[PDB]
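To keep things clear, I will list the structure first and then write my remarks on it.
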2 protein chains.
Amino acid sequence: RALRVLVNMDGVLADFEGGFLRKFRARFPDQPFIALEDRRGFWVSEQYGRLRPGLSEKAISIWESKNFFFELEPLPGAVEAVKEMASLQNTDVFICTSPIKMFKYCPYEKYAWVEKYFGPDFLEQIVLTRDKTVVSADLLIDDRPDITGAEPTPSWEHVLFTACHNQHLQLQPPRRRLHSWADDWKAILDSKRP
Amino acid sequence: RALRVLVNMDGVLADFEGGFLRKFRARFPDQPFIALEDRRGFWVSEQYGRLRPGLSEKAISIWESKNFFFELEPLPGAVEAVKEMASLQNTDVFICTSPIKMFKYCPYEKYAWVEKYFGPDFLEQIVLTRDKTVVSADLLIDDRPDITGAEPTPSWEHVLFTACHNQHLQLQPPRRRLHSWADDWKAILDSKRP
Ligand SMILES: Cc1cn([C@H]2C=C[C@@H](COP(=O)(O)O)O2)c(=O)[nH]c1=O
Ligand SMILES: Cc1cn([C@H]2C=C[C@@H](COP(=O)(O)O)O2)c(=O)[nH]c1=O
Ligand SMILES: [Mg+2]
Ligand SMILES: [Mg+2]
Ligand SMILES: [Mg+2]
Ligand SMILES: [Mg+2]
C-alpha cells in the first residue's frame, strides 16, 4: 500500500568516490591514482590493484581508517531529495547500506552521518546488510550494477544511480537509471504506484 | 529455492535478560529489580518504570553502556544450533537484530559478538534494522510477540522464541513457538520446505 523505496548510501547519498580520491592522494602523494572520469567498475580496490601491485591494500586502508565514512560529503541534491521523498504521502524510504568487513568504525559512522544530515528520527530508516536482495521494497536506487545475494528474485526494481564507475555502462533493457538527484526521481517513483 | 531463516539476536542468541539483570544489580545494588520469573512484556524499561519512578532511565543506561552487548553470554544451544542450521543443505540463515537509539557501541559490539561465536565469515549474514517486516524470508525466530513495521504482510512466518517475558503469553492460532534451542527447530524448518 505505501510505496517502499530503498536508497543506497555510498555512491548515492554519500560521495564515496570523491572522498576516497581526496584522502588517497593526501595520504599517498607518490602513488598513481585513478581520476574519477577514468573510474570503471564498482570495486575501487580491484581497479587500483590493476594499476599497480600493493595499491589494492593501500586503497582499502583509506576506507578502513577512522572518519572516512563520517566525513563523506553528501552528493548534490541527495539530502534535499530524500527528505522530500520521505515526506511524500504513501511513501516509505529506507537507507540501505553495506558495511565493510572491518567493523570498528563503519557501522557507527554511517549512523552518525545519517543523524547529521537527516536528524535522529531518520535513524529508524537504516538497514545495514551485505545482502540487499533479502530486503523487500518496490524500488532500490543503487550505483552498483550487479546486485545479487540469497534471494534470486528480489521484490524491488533496481534503478541504477549514475556514478563515474558506471556512467559508460550499457544496461540490458528494461533496466533504467536515475541520472543524479537533479533527475526526475518523482517520475520513477510514480511509475511504480497503482 | 533455499529456505531462508532470520534468527533474532537479543533474547534468542544472546542472553539480554540475564546480562541486563546482572549488570543492573551490580550497578544499582540499592534499587529494586525484576527477577527473570517475574518479567512480563518485551520492554524491560517499561516494566522497570512501573516498578519505580526513575528506573526506566537507570535500566536504559545499562544497555547504553560500553561492553553491554559484547559481554552477553550465548543462550544454551544457540551457537551450536545456528551453526548446524546454516550448514544444512538448501538453508540460508541471517542474524536479524535491532540496534538501540544510541549507536556508539551497539552496532560495533554486535558485529564483534557474531565474529567471536560464529567466525569472520558469518558477518556477511547480519542484517541490522529497526524494521524486520521489510526483511523477506520463510521464517523469523524472535522473542518479541508483536513484530510490526512498514510492510503490513511480511513474507516470513514469525515463530515466537520463548523467553521469561513471553512464556505465559497465550498466542492466537496458528502462531507457534520454538521453546528453546533444545526444542526441535529442524522440524519447524522442515515444515516450511517443499
Ligand atoms: C568501492 C568499494 C567499496 N567497498 C565497501 C565500502 C563501502 C561499501 C559500499 O557498498 P554499497 O552499500 O554502496 O553497495 O562497500 C569495498 O569493500 N571495496 C570497494 O572497492
Ligand atoms: C528489552 C529492551 C530492549 N531494547 C533494545 C536493545 C536491544 C534490542 C533488542 O531488540 P530485538 O532485536 O531482540 O527485537 O532492543 C530497548 O530499547 N528497550 C528494552 O526495553
Ligand atoms: Mg553504493
Ligand atoms: Mg512518507
Ligand atoms: Mg529479541
Ligand atoms: Mg546452508
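Residue numbers start at 1 in each chain; chains themselves are named A, B, ... in the order of the C-alpha cells; ligands are numbered from 1 in the order shown.
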
(request) Name the residues, by chain letter and number, that sit within 6 Å of ligand 5 using only C-alpha atoms and all ligand atoms, and give them as a count of residues only. (result) 7

(request) Find the residues of chain B in contact range of chain A, meaning any atom within 6 Å when counting only C-alpha atoms, and list them as an MDAnalysis selection string. (result) chainID B and resid 104 108 124 127:130 134:136

Generate a file of the selected residues that holds N, CA and C atoms, formatted as a PDB file, in the first residue's frame.
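Result file follows (result.pdb):
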```pdb
ATOM      1  N   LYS B 104      26.672   4.517  19.528  1.00  0.00           N
ATOM      2  CA  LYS B 104      28.167   4.499  19.647  1.00  0.00           C
ATOM      3  C   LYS B 104      28.838   3.122  19.772  1.00  0.00           C
ATOM      4  N   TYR B 108      28.777  -1.857  16.582  1.00  0.00           N
ATOM      5  CA  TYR B 108      30.090  -2.439  16.651  1.00  0.00           C
ATOM      6  C   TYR B 108      30.136  -3.714  17.476  1.00  0.00           C
ATOM      7  N   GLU B 124      28.857 -11.591   7.152  1.00  0.00           N
ATOM      8  CA  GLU B 124      28.069 -11.407   5.953  1.00  0.00           C
ATOM      9  C   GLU B 124      26.582 -11.704   6.138  1.00  0.00           C
ATOM     10  N   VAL B 127      21.916  -8.714   9.390  1.00  0.00           N
ATOM     11  CA  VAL B 127      21.047  -7.606   8.970  1.00  0.00           C
ATOM     12  C   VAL B 127      20.707  -6.798  10.216  1.00  0.00           C
ATOM     13  N   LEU B 128      21.150  -5.542  10.248  1.00  0.00           N
ATOM     14  CA  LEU B 128      20.740  -4.605  11.272  1.00  0.00           C
ATOM     15  C   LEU B 128      19.614  -3.724  10.800  1.00  0.00           C
ATOM     16  N   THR B 129      18.503  -3.744  11.518  1.00  0.00           N
ATOM     17  CA  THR B 129      17.349  -2.989  11.110  1.00  0.00           C
ATOM     18  C   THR B 129      16.407  -2.830  12.296  1.00  0.00           C
ATOM     19  N   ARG B 130      15.744  -1.669  12.377  1.00  0.00           N
ATOM     20  CA  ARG B 130      14.684  -1.486  13.333  1.00  0.00           C
ATOM     21  C   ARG B 130      13.380  -2.031  12.793  1.00  0.00           C
ATOM     22  N   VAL B 134      10.389  -5.583   6.700  1.00  0.00           N
ATOM     23  CA  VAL B 134      10.917  -5.380   5.340  1.00  0.00           C
ATOM     24  C   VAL B 134      12.033  -6.315   4.979  1.00  0.00           C
ATOM     25  N   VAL B 135      12.382  -7.234   5.869  1.00  0.00           N
ATOM     26  CA  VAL B 135      13.315  -8.305   5.538  1.00  0.00           C
ATOM     27  C   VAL B 135      12.483  -9.535   5.152  1.00  0.00           C
ATOM     28  N   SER B 136      12.765 -10.140   3.980  1.00  0.00           N
ATOM     29  CA  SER B 136      11.962 -11.212   3.451  1.00  0.00           C
ATOM     30  C   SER B 136      12.665 -12.519   3.741  1.00  0.00           C
TER      31      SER B 136
END
```

(request) List every residue of region 2-69 of chain A that DSSP, applied to the backbone, labels as strand (DSSP E or B), and write the result as a PyMOL selection string. (result) chain A and resi 3-8+10+14

Superimpose chain A on chain B so that the squared distances between all in-order C-alpha pairs are minimised, and send the result as a CSV table (one decimal) with C-alpha atoms, in the first residue's frame.
```csv
chain,number,residue,atom,x,y,z
A,1,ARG,CA,14.5,-22.3,-3.5
A,2,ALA,CA,16.8,-22.2,-0.5
A,3,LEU,CA,14.8,-22.0,2.8
A,4,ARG,CA,15.7,-18.6,4.4
A,5,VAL,CA,15.6,-18.2,8.2
A,6,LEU,CA,16.0,-15.0,10.1
A,7,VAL,CA,17.3,-15.5,13.6
A,8,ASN,CA,17.0,-12.6,16.1
A,9,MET,CA,19.9,-11.8,18.3
A,10,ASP,CA,18.9,-10.4,21.6
A,11,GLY,CA,16.7,-12.9,23.5
A,12,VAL,CA,17.4,-15.7,21.0
A,13,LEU,CA,21.2,-16.0,20.5
A,14,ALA,CA,22.4,-13.6,23.2
A,15,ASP,CA,21.2,-13.6,26.8
A,16,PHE,CA,20.0,-10.0,27.0
A,17,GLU,CA,17.7,-10.6,30.0
A,18,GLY,CA,20.3,-12.3,32.2
A,19,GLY,CA,23.1,-10.0,31.3
A,20,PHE,CA,20.9,-6.9,31.9
A,21,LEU,CA,19.8,-8.2,35.3
A,22,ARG,CA,23.3,-9.0,36.4
A,23,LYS,CA,24.7,-5.6,35.4
A,24,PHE,CA,21.7,-3.7,36.8
A,25,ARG,CA,22.1,-5.3,40.2
A,26,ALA,CA,25.9,-4.7,40.3
A,27,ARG,CA,25.5,-1.1,39.3
A,28,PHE,CA,22.4,-0.2,41.3
A,29,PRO,CA,22.5,-2.6,44.3
A,30,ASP,CA,20.0,-0.4,46.3
A,31,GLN,CA,17.3,-0.4,43.7
A,32,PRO,CA,14.5,-3.0,43.4
A,33,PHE,CA,14.8,-5.3,40.3
A,34,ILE,CA,12.6,-7.7,38.4
A,35,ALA,CA,13.6,-11.3,38.8
A,36,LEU,CA,13.5,-13.2,35.5
A,37,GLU,CA,10.5,-15.3,36.5
A,38,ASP,CA,8.6,-12.0,37.1
A,39,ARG,CA,9.5,-10.4,33.7
A,40,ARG,CA,6.4,-9.6,31.6
A,41,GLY,CA,6.3,-7.9,28.2
A,42,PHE,CA,9.2,-7.2,25.8
A,43,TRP,CA,10.2,-3.8,27.2
A,44,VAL,CA,12.4,-4.1,30.2
A,45,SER,CA,12.4,-0.2,30.5
A,46,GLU,CA,8.6,-0.1,30.7
A,47,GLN,CA,8.3,-2.8,33.4
A,48,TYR,CA,11.1,-1.3,35.5
A,49,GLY,CA,9.5,2.2,35.1
A,50,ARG,CA,6.2,0.8,36.5
A,51,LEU,CA,8.2,-0.6,39.4
A,52,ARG,CA,9.5,2.9,40.4
A,53,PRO,CA,10.0,6.4,39.0
A,54,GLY,CA,13.5,6.9,37.5
A,55,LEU,CA,14.1,3.1,37.0
A,56,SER,CA,13.3,3.3,33.3
A,57,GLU,CA,16.3,5.6,32.8
A,58,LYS,CA,18.6,3.6,35.0
A,59,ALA,CA,17.6,0.4,33.1
A,60,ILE,CA,18.3,2.2,29.8
A,61,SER,CA,21.8,3.2,31.0
A,62,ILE,CA,22.8,-0.4,31.4
A,63,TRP,CA,22.4,-1.3,27.7
A,64,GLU,CA,23.7,2.1,26.6
A,65,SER,CA,27.0,1.3,28.4
A,66,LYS,CA,30.0,0.1,26.7
A,67,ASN,CA,30.5,-3.6,26.7
A,68,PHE,CA,26.9,-4.4,27.4
A,69,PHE,CA,26.2,-6.1,24.1
A,70,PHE,CA,29.7,-7.6,23.7
A,71,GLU,CA,29.7,-9.3,27.0
A,72,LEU,CA,26.3,-11.0,26.6
A,73,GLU,CA,26.5,-14.8,27.0
A,74,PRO,CA,25.1,-17.0,24.4
A,75,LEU,CA,21.8,-18.7,25.3
A,76,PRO,CA,22.2,-22.5,25.8
A,77,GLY,CA,22.4,-24.4,22.5
A,78,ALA,CA,22.1,-21.2,20.4
A,79,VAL,CA,25.6,-21.2,18.8
A,80,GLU,CA,25.6,-24.9,18.1
A,81,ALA,CA,22.1,-24.8,16.6
A,82,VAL,CA,22.7,-21.8,14.3
A,83,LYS,CA,25.9,-23.3,13.1
A,84,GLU,CA,24.2,-26.6,12.2
A,85,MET,CA,21.2,-24.7,10.7
A,86,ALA,CA,23.5,-22.7,8.4
A,87,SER,CA,25.4,-25.9,7.3
A,88,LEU,CA,22.2,-27.6,6.2
A,89,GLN,CA,21.6,-28.0,2.5
A,90,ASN,CA,19.2,-25.5,1.0
A,91,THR,CA,19.2,-23.3,4.1
A,92,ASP,CA,20.3,-19.7,4.4
A,93,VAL,CA,20.5,-18.2,7.8
A,94,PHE,CA,20.6,-14.5,8.6
A,95,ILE,CA,21.0,-12.9,12.0
A,96,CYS,CA,18.4,-10.1,12.2
A,97,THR,CA,18.9,-7.6,15.0
A,98,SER,CA,17.6,-4.2,16.1
A,99,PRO,CA,20.1,-1.7,17.3
A,100,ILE,CA,19.2,0.8,20.1
A,101,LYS,CA,18.9,4.5,19.6
A,102,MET,CA,22.3,5.2,21.0
A,103,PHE,CA,24.6,4.0,18.3
A,104,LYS,CA,28.2,4.5,19.6
A,105,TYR,CA,28.8,0.9,20.8
A,106,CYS,CA,25.9,-1.3,19.9
A,107,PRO,CA,26.4,-1.8,16.2
A,108,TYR,CA,30.1,-2.4,16.7
A,109,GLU,CA,29.7,-4.8,19.6
A,110,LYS,CA,27.0,-6.9,17.8
A,111,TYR,CA,29.4,-7.5,14.9
A,112,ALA,CA,32.2,-8.3,17.3
A,113,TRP,CA,29.9,-10.8,19.2
A,114,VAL,CA,29.0,-12.6,16.0
A,115,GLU,CA,32.6,-12.7,14.9
A,116,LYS,CA,33.6,-14.2,18.3
A,117,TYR,CA,31.0,-17.0,18.3
A,118,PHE,CA,30.5,-17.7,14.6
A,119,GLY,CA,33.7,-16.6,12.9
A,120,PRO,CA,34.5,-13.8,10.4
A,121,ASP,CA,32.7,-15.4,7.6
A,122,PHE,CA,29.4,-15.2,9.4
A,123,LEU,CA,29.5,-11.4,9.5
A,124,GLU,CA,28.1,-11.4,6.0
A,125,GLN,CA,24.8,-12.9,7.4
A,126,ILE,CA,24.0,-9.9,9.7
A,127,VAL,CA,21.0,-7.6,9.0
A,128,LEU,CA,20.7,-4.6,11.3
A,129,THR,CA,17.3,-3.0,11.1
A,130,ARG,CA,14.7,-1.5,13.3
A,131,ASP,CA,12.1,-2.9,10.9
A,132,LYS,CA,12.1,-6.7,10.4
A,133,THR,CA,8.9,-6.7,8.3
A,134,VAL,CA,10.9,-5.4,5.3
A,135,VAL,CA,13.3,-8.3,5.5
A,136,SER,CA,12.0,-11.2,3.5
A,137,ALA,CA,12.4,-14.8,4.5
A,138,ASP,CA,10.4,-18.0,5.2
A,139,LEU,CA,10.9,-17.8,8.9
A,140,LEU,CA,11.7,-15.3,11.6
A,141,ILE,CA,12.7,-16.7,15.1
A,142,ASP,CA,12.3,-13.9,17.5
A,143,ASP,CA,11.3,-13.5,21.2
A,144,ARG,CA,9.2,-10.3,20.7
A,145,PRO,CA,5.5,-11.1,20.3
A,146,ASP,CA,4.5,-8.0,18.3
A,147,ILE,CA,6.6,-7.6,15.2
A,148,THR,CA,5.4,-4.7,13.0
A,149,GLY,CA,6.6,-2.1,10.7
A,150,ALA,CA,6.2,-0.7,7.2
A,151,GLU,CA,5.3,-4.0,5.5
A,152,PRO,CA,1.7,-5.0,6.5
A,153,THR,CA,2.1,-8.5,5.2
A,154,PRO,CA,5.7,-9.8,5.9
A,155,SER,CA,6.8,-12.8,3.8
A,156,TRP,CA,8.1,-14.7,6.9
A,157,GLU,CA,6.2,-16.8,9.5
A,158,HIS,CA,7.1,-15.5,13.0
A,159,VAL,CA,8.0,-18.3,15.3
A,160,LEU,CA,8.0,-16.9,18.9
A,161,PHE,CA,11.2,-17.9,20.7
A,162,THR,CA,10.4,-18.5,24.4
A,163,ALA,CA,11.7,-16.1,26.9
A,164,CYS,CA,10.9,-15.1,30.5
A,165,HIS,CA,8.9,-12.1,29.3
A,166,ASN,CA,6.7,-14.1,26.9
A,167,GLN,CA,6.5,-17.6,28.4
A,168,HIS,CA,3.0,-17.0,29.9
A,169,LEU,CA,1.6,-15.5,26.8
A,170,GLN,CA,-1.3,-17.1,25.0
A,171,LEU,CA,-0.8,-16.7,21.3
A,172,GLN,CA,-3.6,-16.6,18.6
A,173,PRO,CA,-3.8,-19.7,16.4
A,174,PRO,CA,-1.9,-20.5,14.2
A,175,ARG,CA,1.1,-18.7,15.8
A,176,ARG,CA,3.7,-21.1,17.1
A,177,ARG,CA,6.8,-21.3,19.4
A,178,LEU,CA,10.3,-22.5,19.5
A,179,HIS,CA,10.7,-23.4,23.1
A,180,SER,CA,14.5,-23.1,23.4
A,181,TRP,CA,17.3,-24.3,21.1
A,182,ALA,CA,16.9,-27.8,22.7
A,183,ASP,CA,13.4,-27.9,21.1
A,184,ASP,CA,13.0,-29.3,17.6
A,185,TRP,CA,13.9,-26.4,15.3
A,186,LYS,CA,14.7,-28.8,12.4
A,187,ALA,CA,11.0,-29.9,12.4
A,188,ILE,CA,9.9,-26.2,12.2
A,189,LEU,CA,12.2,-25.6,9.3
A,190,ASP,CA,11.2,-28.8,7.5
A,191,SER,CA,7.5,-27.8,7.8
A,192,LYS,CA,8.2,-24.8,5.5
A,193,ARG,CA,10.2,-26.7,2.8
A,194,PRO,CA,8.6,-28.1,-0.5
```

(request) Extract the full set of alpha helix (DSSP H) residues from region 36-103 of chain A according to DSSP on the backbone, and format it as a ChimeraX atom specification. (result) /A:44-51,55-63,78-87
